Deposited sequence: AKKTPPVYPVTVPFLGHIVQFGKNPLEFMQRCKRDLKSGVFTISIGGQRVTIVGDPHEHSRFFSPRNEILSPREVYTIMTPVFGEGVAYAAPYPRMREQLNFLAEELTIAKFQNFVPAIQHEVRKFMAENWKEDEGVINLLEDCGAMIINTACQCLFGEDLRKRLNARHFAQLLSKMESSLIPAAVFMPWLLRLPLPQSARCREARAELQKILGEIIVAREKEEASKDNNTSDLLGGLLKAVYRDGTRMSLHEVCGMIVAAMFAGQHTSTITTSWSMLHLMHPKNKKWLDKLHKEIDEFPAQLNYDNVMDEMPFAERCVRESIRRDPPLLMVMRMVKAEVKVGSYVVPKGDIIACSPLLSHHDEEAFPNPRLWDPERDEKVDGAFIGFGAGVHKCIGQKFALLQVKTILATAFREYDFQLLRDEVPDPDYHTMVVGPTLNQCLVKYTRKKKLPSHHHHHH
């Protein structure tokens, strides 16, 4: 009549903290089987963390509006990176405007100059960093830029990038994130050390609008935005949404792209690689949007299966404000309710052989895949990242072949906020192709 089962903890203060850390997948795979339930409640620090790990129930986590399931108090962490009154740090109704504000820029209105834009960008890095017909790549780090390069290129305006190069906008981002550290979702020089990089970027920004006025891109659209009460976003409000737009893209999509390339370059998986080829071969250098979008479905599957196997975002969380029932269990207001792409995508009814990479697999429980989340919190970056990644792939597997130094694919380093493949494992020997 109330609640789902709880897991053993040997010593309380710790809870499950290192048991999670070592391997969150193993740990969760264990708990689920051992607790004979897809829905179960673990504990961090005498804080209650009840996971939603049975796929059929995802509706229960992703469907309810923020009041009933509220994300803010979980993501409070980002407030300094995003700003104090933005995204979650903003109140929800006003936040919704921000999401649609952002959404009206990733609107497929502006996607028409993107493809030819990121493509050219992929080459510019390749011809300048991939120089020889014999190759070195730390693909994870090389995709890190190729991603942040093409994106800035796509969303940063000509007058914007000159001032703030792609190469070193990363530098600000990767000085903002360093603020964000482990073990904070359930519990300063850097507050400053990061505030500085944000106040920096911000003035770098407010100094561009003056040149904008006394005289269009993500920023362009963002300033032309007026709220419900006919307000316009303050300097530092807009500043954050750019940060947030770009933070969200950089790692996920880098990882997604790397994880992606890896499986395809692998000898294990090379009927796919040549199925990619039967797909992208008759396509020319001239990449138009119809090509990526209308005529790249197989390649899309790969990227999706990449994200399926190893979701870059292991957990997503709400603070249970009202109390919500899930299957036959009930989640008590005061609990943190979580839902995990990582665990869910390894349910075997949903995804048989879940560590196997099969682009041409389909979810056998409708809704299982939650890589881009679901319900009232569906990712708004999805079609864009999907378009970045697809085009990067096409361009690269275009004129090239790839080899992995290793006998099999890198291990998911679960030792970060946003999980991608291992760093020291991700080296790849490139050779040129015609």
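- The deposited sequence has C-alpha coordinates everywhere except the stretches 1, 189-195, 224-231, 451-460.
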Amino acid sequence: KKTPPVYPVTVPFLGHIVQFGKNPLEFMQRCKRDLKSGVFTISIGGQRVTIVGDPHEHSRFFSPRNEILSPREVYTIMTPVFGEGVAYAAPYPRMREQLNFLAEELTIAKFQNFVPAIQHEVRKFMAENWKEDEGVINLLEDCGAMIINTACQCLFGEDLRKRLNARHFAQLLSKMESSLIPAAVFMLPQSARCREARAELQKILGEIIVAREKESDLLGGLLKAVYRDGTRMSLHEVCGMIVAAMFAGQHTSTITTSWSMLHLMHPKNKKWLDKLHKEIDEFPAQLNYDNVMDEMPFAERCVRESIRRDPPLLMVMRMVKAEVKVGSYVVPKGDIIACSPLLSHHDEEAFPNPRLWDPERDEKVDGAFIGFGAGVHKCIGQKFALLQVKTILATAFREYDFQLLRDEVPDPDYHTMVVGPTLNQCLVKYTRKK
From here on, numbers count along this sequence of modelled residues.
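We call the rigid core the largest set of C-alpha positions that still match within 1.5 Å between the two forms.
- Structural divergence in 9 other deposited structures of this protein between 422-430 and 15-23: following superposition by the core, 15-23 has C-alpha atoms lying farther from the shown form.
- Annotation: of the segments 44-52 and 388-396, 44-52 departs further from this form in 9 other deposited structures of this protein (C-alpha atoms, root mean square over structures and residues, core superposition).
- Taking only CA atoms, the mean B-factor in the PDB entry is higher for 6-14 than for the other of 420-428 and 6-14.
- Comparing 43-51 with 371-379, the stretch with the higher mean C-alpha B-factor in the PDB entry is 43-51.
- Considering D347, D133, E363, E300 together, the PDB entry gives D133 the largest C-alpha B factor.
- Looking at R355, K224, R304, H266, the one whose CA carries the top B-factor in the deposited record is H266.
- In the deposited entry, the Cα temperature factor of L405 places it in the highest third of its chain's modelled residues.
- Among the modelled residues of the chain, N288 sits in the middle third by CA temperature factor in this PDB entry.
- The PDB entry assigns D310 a C-alpha temperature factor belonging to the lowest third of its chain's modelled residues.
- Per the deposited record, the Cα B-factor of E57 falls in the lowest third when ranked against the other modelled residues of its chain.
- When all modelled residues of the chain are sorted by CA temperature factor, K390 is found within the lowest third.
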